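Chains as they are written, first to last, in the authors' numbering: chain A, 1 to 283; chain B, 12 to 495.
No residue lacks a Cβ here, since even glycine has one placed at the ideal position from N, Cα and C.
Notes to accompany the following structure.
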Ligand code: SF4
Ligand code: SF4
Ligand code: FCO
Ligand SMILES: [Cl-]
Ligand SMILES: [Fe+2]
Ligand code: NI
Ligand SMILES: [S]
């Protein structure tokens with residue numbers, strides 16, 4: 001990219017998120033986040049980092065959305081709570097009208113080129129939708145479908161995702177669009193999504209079948225304490241067998257560690273996270 | 012002449028974490044009333060019920076992806092107490108290295124990536140424009156450029172801090188490496204070299220760029236030390252245990268209010284809900300008996316943040332609170348720049364005086380000084396850690412138990428309380444940092460700390476009311492933590 005290059009507009013809306021999906025993106029090594037923001041995308045609305053505020057920030061997004069109707073990328077971080085007429089997540093106020101996350105997705109969702117559901121909350125419901133919750137936390141694709149909104153959705157899950165999965169999916173899409181135009185490009189992206197809407201370059205391989213401790217698993221040599229790094233982590237709760245992600249190879253935070261080396265995999269990219277991956281510390 | 016009232020609503024407040032609306036009443040050029048609303052709820056305290064208690068130290072981190080190590084720490088301390096787990100000495104130190112690295116990340120993120128645009132004009136492209144036409148950006152071309160250059164460099168430095176967290180924490184956000192019983196990975200000689208090499212780069216940035224720029228920018232905004240006092244009342248619950256007794260910590264506990272130091276007794280914490288969207292019958296509970304029953308339609312309420320009070324007092328938390336309560340020596344460069352740029356002679360933090368410390372800019376100064384202070388703590392832990400020595404015990408889950416973990420998240424005091432029955436979570440209650448800062452009125456109508464700190468903030472241009480959110484940002488809010 002260049003400072004003077006083509007950079008498509010992106011709005012980043014936070015529903016029931018923890019901001020971890022923004023923080024993980026800030027950890028991108030290559031391209032760095034500075035290069036992403038200044039050379040790859042035009043991040044026009046993002047409440048954690050943008051200069052302006054309040055109704056002025058909302059109106060800025062609305063002006064850009066009108067100029068780029070059908071052409072902006074909408075990133076959703078967090079689930080969308082439908083109970084209590086949307087009151088469990090208000091994202092802004094303009095013209096003396098509160099804007100719930102429900103309202104915002106009904107407003108911007110239909111006019112996006114594509115919706116990138118970043119993180120397991122947005123993709124699948126995640127912790128806010130887990131047992132004991134009461135807000136009607138809903139995944140992006142289900143919310144849009146329930147409301148007749150046909151805009152393409154790409155899921156980039158994880159709790160949080162690796163920065164490379166987020167940036168890499170953007171790059172995948174921008175490449176396909178450069179080659180084929182917007183509609184043809186998004187069709188090429190959809191062709192490389194698995195049945196859970198995840199891009200197969202990042203989510204097409206199973207952790208366990210590629211794990212360096214697989215020999216120990218097959219031998220039945222299981223660590224009985226977390227700090228035993230020789231044995232397999234299965235008895236300590238590792239969910240690698242049921243998890244589709246490339247963490248075994250790219251690892252985390254500049255390659256310095258990953259969950260299975262350090263402790264256990266908790267299956268954070270999977271549609272049933274957390275309840276179907278719990279208890280975390282037994283098989 | 013003079014001006015009457017204007018009421019200004021800001022939703023979303025940006026360059027904070029999470030979902031906040033602020034509404035202020037301005038009369039005659041100053042804020043005379045304020046209401047803060049946490050506008051998003053998830054309900055971790057009910058989601059946690061019925062689970063294996065060990066799951067909590069993963070689930071709770073998802074309260075907040077900026078400060079997950081704080082929740083990890085409070086949770087594993089609570090579980091340690093409930094389980095009777097005796098963390099090995101080397102595991103205590105490893106935990107301190109994991110968590111301390113995120114203090115560095117968080118304060119650097121806060122000053123540069125959240126706060127600095129309050130004082131610095133960024134590049135002429137999104138997300139740095141558009142902004143208020145009269146943003147009150149006072150820095151010279153050269154100093155503004157230093158701010159931008161340091162913002163950009165700080166993106167790399169904060170990333171390196173997360174590498175430090177992940178070396179023994181597994182990944183970040185959301186560490187895998189803290190569990191009941193200690194830390195899951197023994198530090199090796201080789202990985203301690205890698206932690207130290209990264210730490211040196213962070214140290215150099217903190218000493219040479221960050222601490223100096225805060226005082227230097229502050230010296231162009233001296234008016235910002237004269238506002239934002241609020242109650243001038245602070246809380247610290249202790250953090251970073253320095254031995255295995257549970258009685259000695261890097262930050263020692265204490266309360267400060269009405270000009271007086273007092274001990275911290277956690278039984279004096281009560282959470283009120285009159286102005287919060289929770290069932291009225293749950294008001295006034297200490298956390299050991301806490302209840303979380305949402306009531307989003309309750310008349311008169313305006314926030315999903317409960318209203319914690321300490322013996323009836325509305326208190327603030329965070330770097331200012333800790334540095335005021337503990338009164339450490341100031342950094343060498345802070346002492347020098349206070350003299351050179353402000354004419355202030357100071358040796359210890361309280362030598363700033365109550366008024367200047369408890370101010371909009373004082374809270375940024377406190378956070379920079381605390382970052383410098385943490386360098387020395389981390390250096391000490393790097394000398395104290397023993398490569399290869401075990402860091403965890405493996406305790407059985409109890410059928411019936413309770414425990415409380417107390418720590419200081421980067422934004423202020425944090426506690427988690429767990430009660431276990433039938434080997435599952437029966438209750439889990441969280442009283443977090445931005446809860447203490449960004450809460451609404453209590454049942455008596457007494458404002459929360461930030462609400463009160465907004466009183467007197469100048470708004471000489473209602474069309475560019477920049478100081479309202481500048482004050483809020485000085486407290487480094489994260490509303491995910493506040494509401495959970
Ligand atoms: S159970 Fe976990 S540690 Fe064991 S081989 Fe599979 S992925 Fe690796
Ligand atoms: S190893 Fe498992 S828990 Fe860790 S990031 Fe990958 S999928 Fe998530
Ligand atoms: N730091 C942090 Fe998070 C908040 N507020 C906690 O506790
Ligand atoms: Cl933290
Ligand atoms: Fe709580
Ligand atoms: Ni937080
Ligand atoms: S936070």
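Distance cut-off 7 Å: residue i Cβ against heavy atoms of ligand 1
i	result
residue 240/A	yes
residue 260/A	yes
residue 214/A	yes
residue 492/B	no
residue 233/A	yes
residue 217/A	yes
residue 208/A	yes
Partners in chain B for residue i, counting only beta-carbon separations shorter than 7 Å
i	result
residue 274/A	70
residue 116/A	Chain B residues near residue 116/A: none, gap ~17 Å exceeds 7 Å.
7 Å Cβ shell around residue i - same chain, five flanking residues per side excluded
i	result
residue 36/A	28, 167
residue 82/A	102, 136, 138
residue 151/A	109, 110, 112, 114, 115, 144
residue 481/B	129, 371
residue 103/B	252, 255
residue 338/B	359, 360, 361
residue 127/A	121, 274
residue 294/B	283, 284, 285, 454
residue 50/A	57
residue 188/A	176, 180
Sequence-distant residues of the same chain with beta carbon closer than 6 Å to residue i, five excluded per side
i	result
residue 74/A	11, 108, 112, 115
residue 259/A	265
residue 21/A	77, 118, 119, 160
residue 215/A	none
residue 67/A	none
residue 149/B	231
residue 438/B	430
residue 315/B	49, 52, 288, 494
Contact test: residue i Cβ vs ligand 7 heavy atom, cutoff 7 Å
i	result
residue 77/B	yes
residue 28/B	yes
Interface partners of residue i on chain B, CB under 9 Å
i	result
residue 279/A	62, 63, 65, 66
residue 87/A	50, 52, 288, 307, 308
residue 208/A	Within chain B, no residue comes near residue 208/A; the closest Cβ sits about 16 Å away, beyond 9 Å.
residue 223/A	By Cβ distance, chain B contributes nothing, its closest Cβ being about 10 Å from residue 223/A, past 9 Å.
Residue i beta carbon near ligand 4 (any heavy atom closer than 7 Å)
i	result
residue 105/B	no
residue 486/B	no
residue 379/B	no
residue 250/B	no
residue 177/B	no
residue 342/B	no
residue 48/B	no
Contacts around residue i, its chain only, beta-carbon distance under 8 Å, and the 5 residues preceding and following it disregarded
i	result
residue 106/A	147, 149
residue 206/A	240, 241, 243, 244
residue 179/B	105, 108, 109, 188, 194, 196, 198, 202, 206
residue 111/B	251, 385, 388, 389, 392
residue 33/B	20, 21, 22, 24, 45, 46, 47, 48, 465, 479, 480, 483
Listed by chain order, chain B residues near residue i by CB distance under 8 Å
i	result
residue 284/A	Chain A is shown from 1 up to 283; residue 284/A falls before or after that span and cannot be answered.
residue 269/A	What residue 269/A touches in chain B: nothing, since even the nearest Cβ is about 12 Å away.
residue 134/A	54, 57, 305
Contact test: residue i Cβ vs ligand 2 heavy atom, cutoff 7 Å
i	result
residue 286/A	Examination of residue 286/A is not possible in this model, given that chain A is present from 1 through 283 alone.
residue 126/A	no
heavy atom of ligand 6 below 7 Å from residue i C-beta
i	result
residue 422/B	yes
Chain-ordered chain A contacts of residue i [CB-CB under 7 Å]
i	result
residue 139/B	51
residue 473/B	Simply none; closest approach about 13 Å.
Residue i Cβ short of 7 Å to ligand 5 heavy atom set
i	result
residue 440/B	yes
residue 53/A	no
residue 249/A	no
Proximal chain A residues relative to residue i, where beta-carbon distance stays under 8 Å
i	result
residue 235/B	Within 8 Å Cβ-Cβ: nothing; residue 235/B doesn't reach chain A, min ~18 Å.
Can we say the stretch 394-403 of chain B touches the stretch 19-32 of chain B, given the rule of at least three CB pairs closer than 8 Å?
Between the stretch 394-403 of chain B and the stretch 19-32 of chain B, the count of Cβ pairs shorter than 8 Å is below three; the stretches do not touch.
Decide yes or no for the touch test of the stretch 80-95 of chain B against the stretch 412-431 of chain B: beta carbon pairs closer than 8 Å, at least 3 of them.
A contact is defined here as three or more CB-CB pairs under 8 Å, and the stretch 80-95 of chain B meets this definition with respect to the stretch 412-431 of chain B.
The stretch 338-350 of chain B in contact with the stretch 215-230 of chain B per 3-pair CB rule at 8 Å
Taking 8 Å as the limit for Cβ pairs, the verdict is that the stretch 215-230 of chain B does touch the stretch 338-350 of chain B.
Cβ contact (3+ pairs, closer than 8 Å) linking the stretch 187-194 of chain B and the stretch 402-412 of chain B:
Yes: the two stretches touch, three or more of their Cβ pairs being nearer than 8 Å.
Quick check: the stretch 247-256 of chain A against the stretch 168-175 of chain B, are there 3 or more CB pairs under 8 Å?
With contact defined as three or more Cβ pairs closer than 8 Å, the stretch 247-256 of chain A and the stretch 168-175 of chain B are in contact.
Assess, as a yes-or-no matter, whether the stretch 303-315 of chain B is touched by the stretch 259-275 of chain B under the definition of 3 or more beta carbon pairs within less than 8 Å.
With the cut-off at 8 Å, the stretch 259-275 of chain B and the stretch 303-315 of chain B do not touch.
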